[PDB]
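Novice:
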Amino acid sequence: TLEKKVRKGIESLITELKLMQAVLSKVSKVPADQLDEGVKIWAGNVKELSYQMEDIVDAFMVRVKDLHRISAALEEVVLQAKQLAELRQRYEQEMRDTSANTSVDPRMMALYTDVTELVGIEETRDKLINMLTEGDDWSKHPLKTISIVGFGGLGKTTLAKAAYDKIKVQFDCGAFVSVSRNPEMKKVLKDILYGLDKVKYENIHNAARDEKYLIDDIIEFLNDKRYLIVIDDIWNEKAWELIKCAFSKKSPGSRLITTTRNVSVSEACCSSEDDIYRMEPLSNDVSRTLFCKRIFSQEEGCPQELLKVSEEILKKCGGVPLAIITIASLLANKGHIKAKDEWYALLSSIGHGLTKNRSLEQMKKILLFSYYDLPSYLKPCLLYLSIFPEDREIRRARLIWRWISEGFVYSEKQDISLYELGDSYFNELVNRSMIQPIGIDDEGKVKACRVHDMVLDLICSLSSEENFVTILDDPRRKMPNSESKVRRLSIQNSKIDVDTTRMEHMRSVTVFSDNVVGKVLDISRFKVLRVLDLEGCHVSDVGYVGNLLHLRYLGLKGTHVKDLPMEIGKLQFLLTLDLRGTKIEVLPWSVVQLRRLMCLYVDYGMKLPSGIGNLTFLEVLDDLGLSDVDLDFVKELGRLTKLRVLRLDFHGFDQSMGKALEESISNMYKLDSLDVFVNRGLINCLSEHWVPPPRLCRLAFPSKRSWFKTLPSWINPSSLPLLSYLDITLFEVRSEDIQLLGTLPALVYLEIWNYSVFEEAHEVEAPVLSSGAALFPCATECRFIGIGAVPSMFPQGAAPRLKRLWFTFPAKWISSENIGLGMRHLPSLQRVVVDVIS
Amino acid sequence: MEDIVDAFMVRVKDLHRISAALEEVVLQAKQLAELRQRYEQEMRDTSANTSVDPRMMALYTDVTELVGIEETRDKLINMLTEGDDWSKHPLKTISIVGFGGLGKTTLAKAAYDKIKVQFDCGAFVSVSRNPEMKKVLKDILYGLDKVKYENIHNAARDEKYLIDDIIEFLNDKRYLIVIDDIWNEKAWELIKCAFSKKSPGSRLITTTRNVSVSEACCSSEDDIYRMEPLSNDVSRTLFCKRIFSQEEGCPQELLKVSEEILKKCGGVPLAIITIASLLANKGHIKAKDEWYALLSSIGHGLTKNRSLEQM
Ligand SMILES: Nc1ncnc2c1ncn2[C@@H]1O[C@H](COP(=O)(O)OP(=O)(O)OP(=O)(O)O)[C@@H](O)[C@H]1O
Ligand SMILES: Nc1ncnc2c1ncn2[C@@H]1O[C@H](COP(=O)(O)OP(=O)(O)OP(=O)(O)O)[C@@H](O)[C@H]1O
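Protein sequence lines correspond, in order, to chains G and I. Under the entry's author numbering, the residues of the first sequence are numbered 24 to 87, 115 to 888, in order. Under the entry's author numbering, the residues of the second sequence are numbered 76 to 87, 115 to 413, in order.
(1) Please report the residue range of the alpha helix (DSSP H) in which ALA378 of chain G lies.
(2) For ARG119 of chain I, name the three-state secondary structure that DSSP assigns.
(3) Using 7 angstroms as the cut-off, classify the Cβ of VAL62 of chain G as near or not near the heavy atoms of ligand 2, replying yes or no.
(4) Relative to the alpha-carbon of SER228 of chain I, which residue among I:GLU317, I:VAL127, I:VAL199 and I:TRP285 has its alpha-carbon at the smallest distance?
(5) Based on the DSSP secondary-structure assignment, which residues constitute the bridge partners of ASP583 of chain G?
(6) Should residue 111 of chain G be counted as a contact of ligand 2 given a C-beta to heavy atom distance under 7 angstroms?
(7) Tell me whether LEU239 of chain I is buried or exposed, calling it buried when 16 or more other Cβ atoms sit within 10 Å of its Cβ.
(8) Helix, strand or coil for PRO430 of chain G, going by three-state DSSP, please let me know.
(9) When you compare each of I:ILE377, I:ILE171, I:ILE217 and I:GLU234 to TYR277 of chain I by their alpha carbons, which one comes out closest?
(10) Kindly identify the DSSP beta-bridge partner or partners of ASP282 of chain G.
(11) In chain G, which residues lie less than 9 angstroms from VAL154 of chain I when you measure between Cβ atoms?
(12) Smallest Cα separation from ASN232 of chain G: which of I:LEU129, I:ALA123, I:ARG119 and I:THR148?
(13) Considering only the alpha carbon of each residue, which of G:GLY224, G:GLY32, G:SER298 and G:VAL199 lies closest to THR163 of chain I?
(14) Check the DSSP bridge columns for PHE346 of chain I and list the partner residues they point to.
(15) Is any heavy atom of ligand 2 found at a distance shorter than 7 angstroms from the C-beta of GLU39 of chain G?
(16) What in chain I is Cβ-close to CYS747 of chain G, meaning under 9 angstroms?
(17) What whole-angstrom Cβ distance do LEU449 of chain G and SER409 of chain G have, given they're in contact under 8 angstroms?
(18) Are any of the Cβ atoms in chain I nearer than 8 angstroms to that of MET707 of chain G?
(19) Between which residues of its own chain and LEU204 of chain I is the CB-CB distance below 8 angstroms, once the five residues before and five after are set aside?
(20) How far does the beta strand (DSSP E) with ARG538 of chain G in it extend, from its first residue to its last?
(21) Give the secondary structure of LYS27 of chain G by DSSP, where H, G and I count as helix, E and B as strand, and everything else as coil.
(22) Taking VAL199 of chain I as the reference, which of I:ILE171, I:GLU234, I:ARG138 and I:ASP325 has the closest Cα?
(23) Using beta carbons (cut-off 8 angstroms, strictly below), is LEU42 of chain G in contact with chain I?
(24) Using 8 angstroms as the threshold, is the C-beta distance between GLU261 of chain G and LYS237 of chain G below it?
(25) Of all Cβ atoms in chain G, is any one closer than 8 angstroms to the Cβ of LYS406 of chain I?
(26) If you compare alpha carbons, which of G:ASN868, G:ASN597 and G:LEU855 is closest to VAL882 of chain G?
(27) Starting from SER677 of chain G, trace the beta strand (DSSP E) in both directions and tell me its first and last residue.
(28) On the criterion of 16 or more Cβ atoms from any shown chain inside 10 Å, does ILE837 of chain G qualify as buried, or is it exposed?
(29) Applying a beta-carbon distance threshold of less than 9 angstroms, which residues of chain I neighbour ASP465 of chain G?
(30) From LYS250 of chain I to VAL219 of chain I, what distance separates their C-alpha atoms?
(31) Would you mind reading off the limits of the alpha helix (DSSP H) that contains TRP65 of chain G?
(32) Quick one: what's got a C-beta closer than 7 angstroms to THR174 of chain G's C-beta in the same chain, skipping five residues either side?
(33) Cα separation between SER197 of chain I and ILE171 of chain I?
(34) Which residue from G:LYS685, G:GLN75, G:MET843 and G:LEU246 puts its Cα closest to that of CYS223 of chain G?
(35) Applying a beta-carbon distance threshold of less than 7 angstroms, which residues of chain G neighbour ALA389 of chain I?
(36) Check whether chain I comes within 8 angstroms of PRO439 of chain G, counting only Cβ atoms and requiring the distance to be less than that.
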C-alpha cells in the first residue's frame, strides 16, 4: 500500500536522474569561458540536487519506520527541485546582439616563436629525420607514415616543423595542416589544397562543392609527384580514415607525418611499431640550460644561494618544455623581482593553488584540451586521481576496485565481466596520454601509475570548485565554507583540523600515512559510507562496521588488525575485501552470509571456513592456504564457475586430494592466470589426462625446490594457445620439450628451471631445436636455468623479438665450435652476460 | 492509453475502474509534461558538423581487391553495349535493383570505367535520401566540363535555367550519364525531362533499392538488371583472401566453422568484408572459441561491437 506509492515515486525520480545527467553531460562539454555565469550557477545547483536524489534512491534500494523517512525526504527533494525550476526562468534575457567573436587558438602564436630560442631540440630532430629519410635514398620505397604521440606540451608540432623545414627542398609538394577537436572535413581539405598551390587554388576557401569533388581534385593533383604531407592534432581517428582515402594511390618516394595525444589512434597508422615515434621529456642538464637561458642574463652560478630552490623547482616540471617556459616567464618580471621568498611561496603553492595567477591561464587551456576531449563516464575517472598524495605510486588494481565500488562502471550488455570494463577504462586513460604506467604485477598487467605534477594540481583545482573531493594539506590549509556539502575527503600530512561535526552524508574517506586516525577522527558517525580506505594505518579497532551498511570497498593493507567482528554478515552489499598484512589469522564463520564479492586478497596464513562454494560471483582469489582440508571443501572450489585469477600455495595435502582438485580446476573456463607453490617434491597434483580451461595466459610457478618429472602432456599448442608466460620448473629436461614449446603462438615470457643441474651431479647439455625454422614469433623474455642456450639455435630469423636471454655455459665449450657467436641478431641482442661454469 | 480506449470500446462496475484508470493516466501525462521543460537548454553554439555518409570511402577502394565481379560486369556491358554497334539506336535506360550492400555502385563504376572512351560526355552522380534538385543538377554539370562550369556550385539561378543549360549542352553528342541511389521516383521524373530530345547512340544507368521505381524506367522488363548474391565458391575465395595469408588448408580444423559462418552472410559482399576485417586484428587473434561466441551472438547481440556500426 504505502510502499507502492514510494516505489512509484522512486521510478519517476530515477527518470528525473536520467534527464539530469543528460543535461549535465550536455553543459560540461563546452569550455568554461563561453558559458554565461547563470548557466554555471544553475548547473552547480542541479548537480548538488543530483547527489541528494542519488542518495535517496540508493538508500531505498539498500533498505527495501524507514518508509516514512524516505517519504519525507523524497517529498521535500521534489519541493526544492520544483522551486529551482522557476528560479531559473525568472531571470533570463536573449540579447540578440551578444555575438562575441570566437576565441583564437591559444597555441597558435606559439607556432610563431624564434628559431634561435629552442635548446636541446637537436639529436632528436636528426634522429626523426634519418628514421624516415634513410629510405629517401632510392626514392622508390612505398609510402609510409610516422606518427608522433605525446602528452601535454612536451613538444610535437615544434619538432614536426623542424623536420618539415630542413628536409623540404627535395620534394615536389607538401603541406603543414592543423586539425581541431571538431573539424569540418571541407575546411581541412581546403586547407590542404591551399597549402599546395596558392595560385590555382587561391580562393579555394570560397567555393563549396562537396566532400567528394574536392577530394577528387586533390587525388588528381597528386600524380607523378612526391608530396610529404604532414597533418597534426588529429583526434578521434574516425576523422583520419576519411583523409586516408585521399591517399590511396601508389606513390614511390613520399611519406607523411602525424601527431596526436592518443597512441590508440596512432597504431591505426603505419601498420608497424617501427614507425611509431615516441617523444621523451628533456634531460635534467638540457632542462637546466633551458631554465637558466630565460631568467638569468648569461650565468647561473652567480646567486649560488638559490640553487637548491632552482633544481628543486625544476624537478616538478620534469621535462615538459612548456612548464619550464611558463615558470621562467612568470618568475622574472624584470630580473629577479626578489629571491628565495616568492620562490618558496611558488613551491608551496603548487599542488593546491598555483594555477590561479596571471599570464598562466594561457597555457592551462592547452592541458584542459585533453580533459575536454574525454567522453563522459571518464571525467569522474580522471578527477578521481586527486585523492592520492602528490608523489606516490598508485596500483591500478586499487583504482579499478575504487571505481567499481563508487559506481562509475556499469552497462547493460550482460556479456561483460564488470572488471575487464574497469581495465578498459584504465587502458583508455593510459592510451590518451594522461597517465604514466610502470611495472608489471602478478596479473600480467601494469603494476601501478603516476600522475604529472601540474596535471595533478590542475585537476585538484578542477575538482575543488565542485565538492567532488576535499584535501587537508599543510601548504593549503583550507576548508570549504560549508561543512555540510562534503562527499569525498583525502586526508594527508595535515593532522591538526580533523573536525567532523557537520559531515553527515560522507561518501568516502581515506587516510595516507598518518597516526592521527582514530585518536582525533571518528568514522562511526558517518551514517552512510560508500568506500573506506585505511591502508598504512596502525589501528586495530575496526569493529564498528556493523553500523555501516552501504560500504563497498574495504582496504586494510598493513593495518595491524588482530581481529575483525563476527557481525560482518550485515554487509550484504560489498565489492572487495583486502586483508593482506593483517595480524588476524582466522576468518569468522559469518562470511557464508556474504553474497556479492569478486575479489578476496587474503593471505594463506588465515583459515577459510567451510561452505566457500556459495560465493559464485567471486572472480579472483589470491594466496589460498591449502592445508589440513577435507575433500568436500576442496570439491566446493569447482562449483563457482566465474573465477578469473587464482593463486595457490600449500604444505599439507600432498595426496590424491591433489588429483581430486586437479579436475575440479577444469570445471572453470574463465581463467586468466594460475600458479602453484610447493616445496621440494614431485608435483603429485596434475595428471597427464586432464583438459585445461581454454583461456589461459600466465600459468606461473613460484616454487623452485619442487619439480615435475617431465614436461606435462596436456601442455600443447592445441589447448590453451593464449599463453604469454611460462615459468616452469621440473627435474629433467629434453631437447624435444623446447621443440614442443616452440609451437605455441605467443609465449611472450619464458622461464625454465632444470632441477637436476643445480641439485644433482649433471652436466648442462645442449638441446637442439630440430623441427621448424623460427618457432618463436614474439618471445621477448626467455629465461633458461641450468640449460645451455647457445646463440646458434638458428639464424637471426628465428626470434624477431627477444630483448633478453639467460642460460648457462660450461667452460669446456670454450675450445669447441658450438659457441659460434659474433653476429648481430634482429632484436636488441647485444646486452647479455652468461653464468659460465668451470 | 491505447489499452484504456480499447478496453472501453470492447466493454461499452467497469465504469469506475475505467474512470480511475483514465484519471491516473492523465496524471502521469501532466507530470511528464513539465519534466521535459524543467531540464532543457538551448546552447546556441552547439553547431556540430553534419555527419558524413558512411558509404563514401567505400567508393575509394582498390581495384585489385574485388573478386568474382567479372562475368557480371561483362554481362551488363554486352547487354547494353550490344546495341552500341550501329550507334544510332534510340536511347534507353538500364536500372539496377538490389538490397543491402550486395554491390551496385561497384559494378556500375566498373562498367562506367571500362566502356567510357567511346563517348563524348558522361557523369557519375549520386543522390541522397532527401536531395536538392539544384544540387543534383549542379553535380551533373560539374561532371561534364570542369572548365566552363568550374564554380558552377556558386551561382543560384533557378531549377529552370540550369535545366535549359544542361539540355543545350547535350546536342549532337552521346552522353551515357549514370545516376545512382535514386529513391522516391518523384525525384527521378524531374530529371528525365532534362533528357527529352532524340539522341541516337546514348544510354544511361540507374540504381536503387526499390524495383517499384525501376519499372518507371526503361518501359521494358528486358532492360531491368537484377543483381544476385555471389556463389559459395566465390564467397569462400573472398572470405579467405582477407583473413588468411594466401592459403586456407593450414587450419584444417576450423573449416566447418568457416562454412557455417559464411552461410549466414549468404552472398552479400558487405557482410563478408565486415566479418573478415573484424575477425583478424593481426593474424587469427584466437582459435575456435570466439568464432563460436560470434556465431551464437548472431540473432541477439552481435551488432553491438566496434568498427561494426559503420556498416
Ligand atoms: N626545445 C624547446 N625549447 C623551447 N620551447 C620548446 C621546446 N620544445 C617545445 N617547446 C615549447 O612547447 C610548445 C610546443 O608544443 P607542441 O609542439 O607539443 O604542440 P602541439 O603538437 O600542437 O600540441 P601539445 O602542446 O598539446 O602537445 C611551445 O610552447 C614551444 O615553445
Ligand atoms: N566483389 C566484391 N568484392 C569486394 N567487395 C565488394 C564486392 N562487391 C561489392 N563489394 C562491397 O560492397 C559495397 C558496395 O555497395 P553498393 O555497390 O551496393 O553500394 P550502393 O549502390 O551505393 O548502395 P547499397 O550498398 O546500399 O546497395 C562496398 O563495401 C564494396 O566494397
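Note that beta-carbon positions come from the ideal geometry of N, C-alpha and C, so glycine has one too.
Specialist: The answer reads as follows:
(1) 373-381
(2) helix
(3) no
(4) I:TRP285
(5) G:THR560 and G:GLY605
(6) Missing from the coordinates is residue 111 of chain G; the shown part of chain G jumps over it, going from 87 to 115.
(7) buried
(8) helix
(9) I:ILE217
(10) G:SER228
(11) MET235, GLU261 and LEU292
(12) I:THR148
(13) G:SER298
(14) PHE346 of chain I pairs with nothing; no bridge assigned.
(15) no
(16) Correct list: empty, because the minimum Cβ distance to chain I is about 12 angstroms.
(17) The Cβ separation is near 35 angstroms, so there is no contact.
(18) no
(19) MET329, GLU330, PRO331, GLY369, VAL370, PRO371 and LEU372
(20) 538-541
(21) helix
(22) I:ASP325
(23) yes
(24) no
(25) yes
(26) G:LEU855
(27) 670-677
(28) buried
(29) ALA395, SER399, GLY403 and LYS406
(30) 21 angstroms
(31) 60-86
(32) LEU209
(33) 18 angstroms
(34) G:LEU246
(35) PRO771
(36) no
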